[PDB]
Structure formats: C-alpha cells, structure tokens
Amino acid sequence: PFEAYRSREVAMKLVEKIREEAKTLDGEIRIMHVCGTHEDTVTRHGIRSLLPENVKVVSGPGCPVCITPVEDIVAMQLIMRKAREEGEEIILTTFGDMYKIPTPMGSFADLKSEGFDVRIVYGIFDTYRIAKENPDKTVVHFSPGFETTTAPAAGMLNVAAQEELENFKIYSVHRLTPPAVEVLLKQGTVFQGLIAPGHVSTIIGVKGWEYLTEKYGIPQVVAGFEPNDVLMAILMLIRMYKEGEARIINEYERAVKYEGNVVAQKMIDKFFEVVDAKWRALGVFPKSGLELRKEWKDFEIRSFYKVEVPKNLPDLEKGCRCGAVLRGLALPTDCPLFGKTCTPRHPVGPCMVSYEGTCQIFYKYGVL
C-alpha cells in the first residue's frame, strides 16, 4: 500500500522534473520545512544529494523538545524538590529525549539519579494510567509539543475532568508552529517556499496556514512524510515560485482536511489559550505558546507550587549553534562540536538530544 509514495520510479521522475524546472532557474531557491519528521525523511532518504545545486532544503524549528525553554525545565525540577520537602512525592513523566535535555542546572535524568521518580512515557495516556495506579501520589507530565502533541493532551484532559481526577497534572510547554514561522519571516530567515508540516496540518488543516501565504505571499505546501511526498512538494514549490504563484497546495490530502480536525481544535480550545512564549535559543515569540485556561488551572502543576527560577540561565552551552540550526541558517556540520564533543550519546546541545533534532538526524544518518 502507498507503494507509489516510495517507488524508485515515481521518485526518479519527480527528481527529473525538479532538475528540469531548476536548470533554467536564476539565483537560488530556498525551501524551508518546520517538522523534524520531514528533516528525517529528507536526510534518511538522501534527498539532498538528488537536488540541483541551486535548490536548497533547510530545516526550521520543527522540534518541540529542542525549543522548550530551560527556565521551564528547571522550574519543573525545582517543583519536584519543593514537593519532596513538603513530604509530597511527585511522579514525573516525560518523553525519552526530553528526559535527557540539558540545562545549566542538569536534566530530568540527573534528577532521576537523585532519587526522584522520573518516568519516561511514549504518550500522555501512559501518564493518565500512572495516575490511576498511584492515587497516593501526584503524577505530572512535563508536556512539550506542537499541535499534533497538544491534541492528545487536550483529549486526555477531557477524559480526566469527567473522571474528576485530582492527581492528573501537567506542566504545559506547548507551542504553535504557524506563529514561529511568521517570526522567522519578520527576522530575515531566507526561503522562497514553505513545506508545511504534515501532522500539525492534519490538526489545524490547510486553513491554519492560509493566514501566512496571504499576509506574506509565501507559497506553502502541506506534505506527507514518504520520500515522494517531499520530492513532490519541492517540485510543486519550485513551480509556484517560477510562476509567481502564492497559494497553498495540500499534497497530503489523503491525511489532511481543509478544515483539519475539528474535534481536536475545540478539544484543545476547551483547555488551552494562545499566549506569548519563549522558544529556547530563539527568543520570545508572540502568541506562539499554549497555557491552561483559568478554569482548567487545577490541571497545571504550577497552580500548586510557585518556584523561583534563577535569572540569566544561558539557553545553550558555549560553542553550540543549535539556535542557528533551528532557524535554518546553519547546518549542524557548521558546528565545531558536531560529532566531536557533541553526539547523541553525549549531547552538548538540545538539537542533538531530540529525536526530531536536526543535529541528531544529521549525525544519525551520515550526511554527505
């Protein structure tokens, strides 16, 4: 099934069309995607080695774990300690890569080693289950992620209110993709085409990305994650650039609805509200984050603990260029630490730690 989407023929055809449309192209065309899964597709399938010298694919900040502020990671840790001293022991769930994310003050794993109960989970439901198995304890899930990950949390929060669970809390560090994309525009990040993230689209649909192509005239293209989805999108983008088009094509129509996914949208709306948030190594982006509304405030772990997070916490270690990698302005290989002191096993920056981290992906796949 979907064999075509991986067909060596379908691919070599798309690659030929792309080469054709570009041999006549002046200057250079830069296409940016904002999804780590797309970066994985591009890199895993060696798509860059199939592109013409004048066509470039750059990875934007498509990694929710990479951009979660250190201030928030430290906060969660401070609250674990604050609870301990208050006799209360908390059960903290986090994703695997987030678990190892470094900060000036250590990671969740460093905490684990101090005798704290930190558990790695694959989803929020895992956390929900732990909540029912441990009533004598407050289970909290450090929740980072974009729309695609926000939804499962917005749904789990519903199933939790009905059940009237009191030990089901989460530290919201959710972010919105479209906003950050605009910010990069207002800041000079160069690219003439945008490969909109497949899954985040599935949620906010093609509709969620329109406000961008209209307010800046940038041709967007919702794409899947098979190698031919991305090759298609690139071709489609090269052409809307050459023909001066400025619209949004839904190449991933098989999985995305124009309106997207209504349930999730309201499901998320029922609990979260767009707010101003900080993106690690990038700055404070306007209306780019999601925090729990005043009502569902009892689900936020911070409504039970107020900690003093030290100021001036550096976002990255000296020498790390993850901030530029996140902007699609730098390649991980440009980094002096890349593959040296920084590797997936012993990461210096967040971009190398994260599964959707561009550095980890480049490292993992031996980029040419």
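Residue indices: 1-based, along the sequence shown. Superpose the two forms; the largest set of C-alphas matching within 1.5 Å is the rigid core.
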Core superposition done, the stretch whose Cα atoms deviate more in 4 other deposited structures of this protein, picking from 339-347 and 318-326, is 339-347
Should one compare 20-28 and 353-361 by root mean square Cα distance from the shown form in 4 other deposited structures of this protein, core superposed, the larger belongs to 20-28
For 303-311 versus 331-339, entry-based mean Cα B-factors point to 303-311
Assert higher mean C-alpha B factor (89-97 or 264-272, deposited values) equals 264-272
Comparing C-alpha B-factors across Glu243, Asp110, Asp72, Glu251 in this entry, the winner is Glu243
Highest CA B factor of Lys137, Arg175, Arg280, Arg119, as deposited, is found at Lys137
Assert third(CA B-factor, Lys13) within chain per record equals highest
On the chain's distribution of Cα B-factors, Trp209 falls within the third called highest
The third of the chain into which the C-alpha temperature factor of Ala22 falls is the middle
The third of the chain into which the C-alpha temperature factor of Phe125 falls is the middle
The third of the chain into which the C-alpha temperature factor of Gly106 falls is the lowest
